[PDB]
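Two separate entries follow, structure 1 and structure 2, each one form of the same protein chain as structure tokens.
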Structure 1
């Protein structure tokens, strides 16, 4: 209530790939899994963040101890997306917006830990492990590890090479069993599995989501009803096409796991509303062309405005506007 097998299924459902199944099952047989997710405090979170937030939700339902890392320094090291004062402001926008998302999807916040990188990444023992790690890692391996993650520019900065080793050490200093992120990470993840043990630390389990296409190709978490509508009307959803369909993906990765069902809103003329209890059923009806793109979008629009409603409320304070504007000028 839940058994280790129900835990495993909740944690790993919808992932593209699990590294470390063997240790993962060892742990779940005995105790709760410790896991984190990291986000560099970079650009404004948009509705696509509900994809990783839905997995965090599943981790909590499974009994996991979840940490969220606001990787402020990593934002700095990644070709200075975020500068030195103006990192701290984005940290608070990210903390606020992320907690409102999770509240909105009904995730208990109370056993979720939020930490920011500069709470621990400038400490002496951490900094010492960074040098230690620098003495066994090649520029080659460090460069290879960040290829998909750090912005690739004409003359690579030294910070870009540091970035992967810090993300690996994060696993140890957050004292987790596992890290969850997108499949893009994978080379950083495999990097951490190889080098952490050279520092005498255990390799971690790694859980990778697919790169899920976006709803519009961005819809902002604070956008008005009216802009959600207009952004959706532009959204690309081809009749009968179940590949490369950001609308269907949003349903699969966010709306189904939320209530374990999805309601298509459809006029009586075409069958009336239908409630699907599994994604594969909706997909089949869409391929068969008995769910129209316009009905699919409207069913997502309704459900998405339900998600965004609280968030827009909370952030309808003048301090939060100050924060938003200050954070992104």
Structure 2
């Protein structure tokens, strides 16, 4: 209440791929799943962050124990002439904004934990494991693991070969059963499943979201005012009838629909009035049939997106949080 079958459904809905279904069902028969998701604390997050956060809300509703890793070491390793002070302010900005997002969605936070990479990634046991891994992984396997996640420059840096191992070790040191991310990370994830056992650690379940087209094609910032949300959405590409490549519809599929397993299309009387959909495939079929117009779909998103963003804007309107946003992103 929820059953193991209900838990699995919530945990795995809207994913592109599940690695490790067997172990996943074994766990869910007995106890709550332990899972993490990592984000590097570089770049101001924008509305597209709702796509991962929606899965994090599903994990929490399931009853999972959920860790969010703020990967501040990776952030330092992009810009070392950026002070630890600016970096850690970006860490708090991320922490506050993630919390505000999950609060806006409305999800129990009792089993949520926040951890920074530097809390453990420079400890002696972890470091030693980094060296052990390095003496079993080839440069070739490391390079191929990082290809879709580490920016292939002119002469590549040594740091890029280390990322797949550090991310694998994260699964162990965070003591999780599973890691969630994007399908982009698949090669990092299979690298972890391959090499953790060589250090005597268990392979993890890997849950992968699809790559989802952006809402807007000046991305919508989590703190943008209503007026700028409107302006930015009216600019967004929606092609009539197009359901395969539609960032407005993907936002509904991955963020708005799962809120309540409901979505309301706002439509004038002339075209039939509002309609409430209880499965996404029904919206998709009306959109493909062109009885939901792009402008009405954008509208229905604008309203629901604004309702999501309002509590975050209010929370971040305190002097303490206003000062943080200004100092994190100067």
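Residue numbers count along the first chain shown, from 1. If you superpose the two forms and keep the largest set of C-alpha atoms that fall within 1.5 Å, you have the rigid core.
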item: Of the candidates 312, 13, 25, 321, the only Cα that travels 2 Å or more between structures 1 and 2, given a rigid-core fit; value: 321
item: Cα displacement of residue 80 between structures 1 and 2 reaching 2 Å, rigid core superposed; value: yes
item: Rigid-core-fitted C-alpha displacement of residue 233 between structures 1 and 2 (angstrom); value: 0.6
item: Per-residue CA shift, residue 110 (Å; core superposed between structures 1 and 2); value: 2.7
